[PDB]
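Scroll down for the structure; my scribbles are underneath it.
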Amino acid sequence: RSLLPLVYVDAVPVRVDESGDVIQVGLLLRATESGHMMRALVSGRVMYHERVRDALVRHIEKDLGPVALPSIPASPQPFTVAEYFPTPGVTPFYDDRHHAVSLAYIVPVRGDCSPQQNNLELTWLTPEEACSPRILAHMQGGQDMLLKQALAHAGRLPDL
Amino acid sequence: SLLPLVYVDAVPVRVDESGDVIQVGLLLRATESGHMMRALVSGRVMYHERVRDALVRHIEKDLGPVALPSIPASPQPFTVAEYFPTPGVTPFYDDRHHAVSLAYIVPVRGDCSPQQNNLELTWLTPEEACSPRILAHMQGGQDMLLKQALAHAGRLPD
Amino acid sequence: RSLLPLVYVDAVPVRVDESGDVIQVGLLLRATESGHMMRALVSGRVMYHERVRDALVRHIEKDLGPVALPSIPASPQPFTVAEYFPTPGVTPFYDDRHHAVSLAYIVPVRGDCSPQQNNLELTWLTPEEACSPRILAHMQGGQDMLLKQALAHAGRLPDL
Amino acid sequence: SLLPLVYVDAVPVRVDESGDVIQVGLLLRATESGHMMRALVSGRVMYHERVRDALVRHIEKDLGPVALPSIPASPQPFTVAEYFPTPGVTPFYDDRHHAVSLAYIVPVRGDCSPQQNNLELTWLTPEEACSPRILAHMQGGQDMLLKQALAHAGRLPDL
Ligand SMILES: [Cl-]
Ligand SMILES: [Cl-]
Ligand SMILES: [Cl-]
Ligand SMILES: [Cl-]
Ligand SMILES: [Cl-]
Ligand SMILES: [Cl-]
Ligand SMILES: [Cl-]
Ligand SMILES: [Cl-]
Ligand SMILES: [Cl-]
Ligand SMILES: [Cl-]
Ligand SMILES: [Cl-]
Ligand SMILES: [Cl-]
Ligand SMILES: [Cl-]
Ligand SMILES: [Cl-]
Ligand SMILES: [Cl-]
Ligand SMILES: [Cl-]
Ligand SMILES: [Cl-]
Ligand SMILES: [Cl-]
Ligand SMILES: [Cl-]
Ligand SMILES: [Cl-]
Ligand SMILES: [Cl-]
Ligand SMILES: [Cl-]
Ligand code: NA
């Protein structure tokens, strides 16, 4: 962690209609270390000798359950790359533990979903709702921006 | 005649659990000369129609009501294929017009069946689809488009 | 204009550092058809038998002068497609004359620029500056949003 | 050997006024055994180093200080190439380790001189680049990365 950047993945869970239009964004609500509330995207490390899309698979099931039916993007190209730095103010992304370089994807879920393990809740929000300050505020390490870049990428960032 | 046409090209695929492309589907139909051709899911975007709605419509037009396409959330296409009515100008050509086609990978998760003019829908592995035999039957440089689709899916073979 | 969608391009003109990082965006100032002032991206139709990347070149020269030295992307993949509808409220994009389907690109310009023809001025703004309310207010047909999508794509959409 | 490494790959290109790729540049190198091999610009992203900066650094590292690379404004790479330490897991492989490589097309706008580990900087049109001769000389499947790059550029050759 103090030595090299970590390969991560961020997956923005979304509900889409038939045309692929993003209908809702799914945010996880868990507690911070001190029992304060936060909101996050599906985010996690890639393992040695693990493929990225597999990590995507593994992380989705972990946060949402084995019947979430993700549509893992046919293509490896992420919509962006979020560079979480251990020092704030360098990139829009920050994580106190490590320097993490994440391939970020929008991942539609075709199945049913529930919060698991450390995930207390799973909230489906419209783009307008997801981009409420109250919501964004609850997000950490700059994931609120990554969220906004995800919406922007899907052509559904709200004007407010 | 005088305007370039907005088009989409949809590349249907069977993906596995991890979204990895295992099969692509190619529509077998006849040319006006009655010659054999393989094809992508392709056509005009209508006036006042959304691109993603046109993907839905052409998919259904070619593959059926229950193909259950996964239309990409983002309008960012994998490439742009510009069919010029003059050969050699771009990798792509169409005798009828200048068409600017927005190309997408479209996973199909349901039952798919050849409709209207299409004679059959053939699912082929990437290694299969890129065999000289099949490619040779693709028109207007759509063979190049398929390779671009595969290259973008991390599945262009050697 | 009343029968088929038109193929358009939008180019977001930017100043970058050596690291490729977007430092400023170039907004043109001009009149609306009505006399009001607006701010515009570089935007226009692709001509019959004209390649898209060539339409990009043509529109850059046309708005910014022949020595702007744009870096046309090697890749035909736009960062988005902006679908300007002749009806407001259908997409985030609106044009009162046409249905335009536009392939949008961020275009760094490497040379000196000067606002041409009906362009009154050229404004170089930092992302913060470009996303000032008043600025985005001045944009038309949802181009303020397309600008945000462009900044989002570049990883430079402002928090505030 | 407990970690996957964050990597970049750069495909250096000469584009015309319209961004059209006219030639790609291949770096010639020696194998450990001293066979001749050709290469893209690839190397690690150091801790606390931004991707775009590692991109500059490895381009400068290989093409000299005058290459004037056009690093893309967008952090979206044209693809993500996974060199597994085991062959055949993905199209790419590297016995040294597991490298998650972010691939970009990088237009070079200036003088590019071969420096250090490289012996020769070979500029080749796309049709030249995909000659089985050339590709053969590429390791870790970079021949396949080179094609994906060309394909993404609309310039993959029909042979
Ligand atoms: Cl995809
Ligand atoms: Cl994505
Ligand atoms: Cl985007
Ligand atoms: Cl049609
Ligand atoms: Cl449309
Ligand atoms: Cl669309
Ligand atoms: Cl492309
Ligand atoms: Cl796609
Ligand atoms: Cl048109
Ligand atoms: Cl125009
Ligand atoms: Cl065109
Ligand atoms: Cl110019
Ligand atoms: Cl739109
Ligand atoms: Cl609209
Ligand atoms: Cl809308
Ligand atoms: Cl772009
Ligand atoms: Cl505007
Ligand atoms: Cl030129
Ligand atoms: Cl090109
Ligand atoms: Cl890719
Ligand atoms: Cl690239
Ligand atoms: Cl490609
Ligand atoms: Na214009």
Side-chain angles (χ1 to χ4, degrees), chain A residues 9 11-26 46-47 50-61 64-80 103-111 127 130 147-157, chain B residues 8 10-25 45-46 49-60 63-79 102-110 126 129 146-156:
Chain A
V9 286
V12 189
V14 298
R15 281 188 176 151
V16 297
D17 71 14
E18 189 188 32
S19 59
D21 216 3
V22 166
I23 313 303
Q24 280 161 329
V25 216
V46 173
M47 310 197 317
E50 181 187 38
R51 300 191 311 173
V52 179
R53 62 177 69 250
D54 291 8
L56 290 171
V57 171
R58 167 168 70 82
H59 283 296
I60 279 286
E61 187 218 345
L64 303 185
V67 300
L69 292 179
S71 290
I72 307 289
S75 163
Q77 184 187 45
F79 68 89
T80 187
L103 296 175
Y105 304 82
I106 289 169
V107 175
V109 290
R110 312 280 166 179
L147 174 50
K148 292 196 224 172
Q149 300 166 239
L151 290 180
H153 180 66
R156 284 281 172 232
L157 184 82
Chain B
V8 299
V11 185
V13 299
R14 295 301 189 196
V15 292
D16 67 18
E17 196 173 86
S18 70
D20 199 311
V21 165
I22 311 298
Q23 303 193 285
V24 305
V45 176
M46 298 302 186
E49 179 189 36
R50 305 189 305 171
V51 177
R52 68 175 64 259
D53 293 349
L55 286 174
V56 171
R57 166 174 62 88
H58 282 287
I59 279 294
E60 205 257 40
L63 307 183
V66 293
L68 308 180
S70 279
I71 306 299
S74 177
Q76 178 186 55
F78 70 87
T79 192
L102 312 183
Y104 299 84
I105 302 181
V106 180
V108 277
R109 307 187 180 277
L146 180 63
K147 292 180 159 180
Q148 285 180 265
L150 293 188
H152 199 243
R155 287 284 156 241
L156 184 70

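Hydrogens, waters and symmetry mates play no part in the numbers below; they use all other heavy atoms, side chains included. Throughout, a chain's letter reflects where its sequence line sits, starting with A, and its residues are numbered from 1.
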To the closest 0.5 Å, what do you measure between CD (A/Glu18) and CD (B/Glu60)?
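The CD atom of A/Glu18 sits 8.0 Å away from the CD atom of B/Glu60.
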Which answer fits A/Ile106, side chain, backbone, both or neither, if we ask what part of it has an atom under 4.5 Å from a heavy atom of chain B?
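The answer is the side chain of A/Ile106.
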Can you tell which part of A/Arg110 gets under 4.5 Å to a heavy atom of chain B, answering side chain, backbone, both or neither?
side chain
Residue list, side-chain hydrogen bond (donor to acceptor under 3.5 Å, both in side chains) with A/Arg51, at least two apart or on another chain
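side-chain hydrogen bond (donor to acceptor under 3.5 Å, both in side chains) list for A/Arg51, sorted by chain: A/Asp54, B/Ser18, B/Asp20.
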According to side-chain hydrogen bond (donor to acceptor under 3.5 Å, both in side chains), who are the partners of B/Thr79, at least two apart in sequence or on a separate chain?
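Applying side-chain hydrogen bond (donor to acceptor under 3.5 Å, both in side chains) to B/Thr79 gives B/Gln148.
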Among A/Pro76, A/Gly155, A/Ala150, A/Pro108, which has the most heavy-atom pairs under 4.5 Å with chain B?
A/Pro76
